[PDB]
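First up is the structure itself, then whatever we jot down about it.
2 protein chains.
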Amino acid sequence: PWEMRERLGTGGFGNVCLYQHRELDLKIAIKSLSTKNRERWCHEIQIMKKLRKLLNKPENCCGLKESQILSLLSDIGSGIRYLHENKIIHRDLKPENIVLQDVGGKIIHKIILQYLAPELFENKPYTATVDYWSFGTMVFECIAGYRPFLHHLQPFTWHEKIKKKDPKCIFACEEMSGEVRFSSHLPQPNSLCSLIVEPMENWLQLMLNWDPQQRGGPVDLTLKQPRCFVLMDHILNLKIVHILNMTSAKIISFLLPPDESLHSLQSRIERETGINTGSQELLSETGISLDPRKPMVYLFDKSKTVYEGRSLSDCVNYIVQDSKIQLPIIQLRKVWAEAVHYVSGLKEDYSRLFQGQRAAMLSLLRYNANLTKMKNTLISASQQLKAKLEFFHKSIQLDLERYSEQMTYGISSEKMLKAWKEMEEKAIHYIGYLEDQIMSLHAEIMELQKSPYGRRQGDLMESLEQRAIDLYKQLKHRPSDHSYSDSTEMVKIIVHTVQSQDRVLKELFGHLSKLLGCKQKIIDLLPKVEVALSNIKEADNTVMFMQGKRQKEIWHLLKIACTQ
Amino acid sequence: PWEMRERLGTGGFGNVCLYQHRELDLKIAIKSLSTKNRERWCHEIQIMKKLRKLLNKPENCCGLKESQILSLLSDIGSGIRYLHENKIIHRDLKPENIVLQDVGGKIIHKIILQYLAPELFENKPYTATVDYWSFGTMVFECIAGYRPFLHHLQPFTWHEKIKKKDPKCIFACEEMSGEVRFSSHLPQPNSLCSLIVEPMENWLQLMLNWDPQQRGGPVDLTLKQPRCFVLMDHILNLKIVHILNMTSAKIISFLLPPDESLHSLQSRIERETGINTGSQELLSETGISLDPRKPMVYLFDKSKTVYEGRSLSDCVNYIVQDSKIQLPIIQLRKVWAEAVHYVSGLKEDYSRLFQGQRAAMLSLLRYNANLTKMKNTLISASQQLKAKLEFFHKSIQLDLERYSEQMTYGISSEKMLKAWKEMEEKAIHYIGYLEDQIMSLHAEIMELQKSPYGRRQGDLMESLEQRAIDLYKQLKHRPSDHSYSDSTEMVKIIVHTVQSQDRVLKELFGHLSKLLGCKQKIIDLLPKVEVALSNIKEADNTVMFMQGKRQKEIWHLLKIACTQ
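As structure tokens, then:
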């Protein structure tokens, strides 16, 4: 019962049809007359047996998340490694050929005119640099989202035009005048760490080499790779950790050497941020300060309390000044894509600030749980302590009685009297006060639990972003209007995002500093708790000392009476 | 600076003007040419020196609250007692003459053609029965709200018509046919307890006696009053207490003899309700069960758990069946006033049911507070108890040691061994389990705190009552339409009041029974708590017994060693 659903796509002989078993629900596709191409169909059988939907989503109009593209380059990079092992030059590297797999929640990227390399465009013989070229071209059309050099240019003049320029220049930005800034550098509104960008820049300079026989790296034979694959292995080895300094609203990647301690990294924090090491509080996504003898992280400054804390496109700054800049539809789509990139970045910003708030919160709850357990421990030792003073007092007074009849026998030195008196004076000298500070501070903690949050306003700004991208979608349904209308409602969304960001930021900075002061009070409460606990237990053990010491002279002087 | 505000009313010479000091804000009125009436103005000076706003409020269209009218009859009754002391026949007893005073929150009623008695209507000589007649007439026009006999009748035919009827008949209901049911009984849709009504019925039979020289009671000289004032003193002495049986949704007044115990009243509860005495739970407005050795009360049945639990006007029942009963404006105002009386009564019903809910709630909180204090007491005695087993165990084993060297002297009976062994076996044999039931049941109590309430729906039905009385107000702005429209929206308000009353009633019956089961569990938890507490303290005192008993043989056998 393999019921036909709607098709996947179009084959070379027909339509790539998606069908499904009715009982088992096994979504299996089918690929649907020259015996050369049906023979190559059997070649497709023997060799196979032996994403652009996401890119066309207007939310990712400036491109994707960086590390997701890194997983893409790992997957499809290992695939094209695998095919150039197998003497297979795919020639067709496009996100149309990349239908995802959501196994384990992780997207796996497999393979089934903008990618037509000039050695396949003009010549019938070719090499692996078609897939090198269309690979890196596909990668940058995931990074920026559009064509790496001369987007919206006719392919004929596109191949000849780049066939006559500098191959190191990996980005051609064509202006409104037609004068093109042929650049070897990537565009700025991206989600990318430059530490990864520059080896990827050199890698694209290997990829966008127009001459095929110099395109690709020279094959380094110890690792059996061109320099392209070696640089891709460097990118798979660039192990960094992002740290948001919550006291500066800045996210910094720190490169991790494979052997550096966390403490030497703390020295790097003190160099790169200026915050002193012992006051560097590193909170995890569950707010856990790692053991520094081990090798987003939320930097807090343990000494400071009150924490103080822009569109790089100046054309959108012109729109915020005057939305009536009469842009063509290309610049309208461009600058609106920039604005969506901007406010989206704002959303992720206060999103992770919410997360740092929660890390502070749960860490605070850990300290409270510790403090309550220590508290009830002090309760136990307190009660038993006062009972020990109690019975020890009674044993003192009865032994004073019976010792007094021993002094009616007149048979002992009176140092037992003053001895047991000084014992009893020790029993005098020994609470709930700091416990009242505990329950009161706890009440303040519950108040910090009940204090309001502004995440609904982040949902409002989120829906504002939804409106702005709905507008950009209205530039995507008709880019054929060539309108020149303003973007005043865009600036409306912009300044409400500004002000609401200020409100939520200052609220959770105040909440933040309250958690900081209360946590600080907890750290103040702990050593007095523990020292007083030690005084309790030492007092107990002295009660046992003068206990068995008094009973000690009881049996010894007893046996002196047994002597003669 | 006594600034003139708007007037109070109209004087005999002008307008009774209300004015006010600007600094001190002292609202003082002024009363504003025959020298006989200016001479009687000076008589008004010498004698004075020596409410209908509420009745015209359409909310009280069927009349007022009973006890408020009782306070009215006490105030104005003592005033007319005071004037008939002073040879003053006021002749003018109307709520126009009753401007209230809100001192202490309590309304004080003072004195400044429907009340024209036939001895003042027809004759120039008169007596105190003008004020007796207009007094009781004013009282019943506070009770029902309108004229006691033949309302909307022209005064000329009104005086002659009642001048020819039975004076014991204290209510003339004129029908639509003109045939009048001259009744000696009050109308039914009132807020009145019949225990007070029948002496007030006989009192009105004294008041509505048409012949003045038989109007009023015969003057009983030991108390120096007519029988009218004596009956009013009986009404001021009728001391009852309302009990709502929450298990039957019935409010019963119980007459209190001046010396009856509360327990004999509990026997009256068992007779008048059928609920057994020891299971009669009487909850106050703070839910306090009174000490029964003392002399609204919320009856609960301590044994039962799930508590199961109409328009007397049949014309409004006809409207609920068919609102298109085409009534004249008189019957429209009548029956709508009845409906407002009905739903208003519903509002007060579930209002006091909310109150019984709260009494159950706060009583429950009292039991929890008691239980937690007993709990932490058991914690204290538990810790000190286990410490006492602890040190007593150590004192046992060291005395076993030193007793064993006494048996190397061979000088004691071995019954000290087995003695201290059986002591130690007693120390073995002695918690948090019922405490876990306490904290768990407490969690259930917090859940009963967080369970939802339906008082907002009572506010909805309240606003439904506001709409229905807004409609009746639209019969009061124009009773001159003589419409015959339906009351379908009235029945809408009626059935939504029905169903919402069912929902809130069943919700708080379920909440109710949950409080009943949880409170029941608390009463189950208490005796095991206290008995176990007694076992703790007895165990302690035995620890002291074998403590000073072991030390007792220590000093005695010690002095046996001192002997020879």
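Chains as they are written, first to last, in the UniProt record's numbering: chain A, 14 to 45, 50 to 67, 103 to 164, 185 to 367, 383 to 396, 401 to 521, 527 to 660; chain B, 14 to 45, 50 to 67, 103 to 164, 185 to 367, 383 to 396, 401 to 521, 527 to 660.
The beta carbon of each residue, even a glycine, is placed where N, CA and C say it ideally should be.
Taking 8 Å as the threshold, the shortest C-beta distance from B/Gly157 to chain A does not fall below it. Less than 8 Å divides the Cβ of B/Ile307 from the Cβ of B/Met272. With 16 or more other CB atoms across the displayed protein chains lying within 10 angstroms of its CB, A/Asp490 is buried.
Taking C-alpha positions only, B/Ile128 is separated from B/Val434 by approximately 31 Å. Listed as beta-bridge partners of B/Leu31 by DSSP are B/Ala42. Counting every other CB atom within 10 Å of its CB across the protein chains shown gives B/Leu39 a total below 16, marking it as exposed.
Chain A places a beta carbon closer than 8 Å to that of B/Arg493, counting this residue as a contact.
Across the structure, B/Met535 and B/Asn459 are spaced so that their CA atoms are roughly 10 Å apart. DSSP places B/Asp388 inside the beta strand (DSSP E), whose first and last residues are 384–388. Residue state for A/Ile150 is assigned as coil, using DSSP reduced to three classes. Within the segment 626–659 of chain A, the residues whose Cβ lies closer than 7 Å to some Cβ of chain B are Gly644, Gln647, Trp651, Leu654, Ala657, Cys658, listed in chain order.
Collapsing the DSSP output to three states places B/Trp282 in coil. Using a 10 angstroms sphere on the CB of A/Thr349, the tally of other CB atoms stays under 16, which defines it as exposed. In the three-state reduction of the DSSP assignment, B/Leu418 falls in the coil class.
CA-CA distance, B/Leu455 to B/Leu611, rounds to 7 Å. At a cut-off of 4 residues, not a single continuous stretch assigned as alpha helix (DSSP H) sits fully inside the segment 236–269 of chain B. Looking at the DSSP output, A/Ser503 bridges to nothing.
Under the DSSP assignment, A/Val291 falls outside any alpha helix (DSSP H); it carries neither an H nor an E label.
Residues of chain A whose Cβ lies closer than 7 Å to the Cβ of B/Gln474 are, in chain order, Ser471, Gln474, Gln475.
For the options B/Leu106, B/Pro290, B/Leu225, the alpha carbon positioned closest to that of B/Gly217 is the one of B/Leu106.
Put simply, the CB of B/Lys546 is far from chain A, with every gap to its CB atoms at 8 Å or more. In this model, B/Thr638 and B/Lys485 are separated by some 16 Å (Cα to Cα). DSSP places B/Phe326 inside the beta strand (DSSP E), whose first and last residues are 322–327. Boundaries of the alpha helix (DSSP H) around B/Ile656: 584–659. Nearest to B/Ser596 by C-alpha distance, out of B/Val625, B/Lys438, B/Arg493, B/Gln153, is B/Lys438. When the alpha-carbon of B/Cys214 is set against those of B/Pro147, B/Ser559, B/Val202, B/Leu185, the nearest one is in B/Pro147.
Inter-residue distance for A/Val155 and A/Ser126 is about 16 Å (C-alpha atoms, whole angstroms). For B/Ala478, the C-beta contacts it makes with chain A under 8 Å involve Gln474, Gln475, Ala478, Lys479, in order along the chain.
Nearest C-alpha to B/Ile410 among B/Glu634, B/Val151, B/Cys30, B/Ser583: B/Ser583. For B/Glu585 and B/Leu604, the gap between their C-alpha atoms comes out near 28 Å. By the C-beta density criterion, B/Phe26 is exposed, having fewer than 16 other C-beta atoms within 10 angstroms. Taking 8 Å as the cut-off, the beta carbon of A/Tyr568 is found closer than this to the beta carbon of A/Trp427. Judged by DSSP secondary structure, B/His60 falls within the alpha helix (DSSP H) whose first and last residues are 52–66. Burial check for A/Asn138: the Cβ neighbour count within 10 Å stays below 16, so the residue is exposed. Here A/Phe243 is buried. Its C-beta has 16 or more other C-beta atoms within 10 Å.
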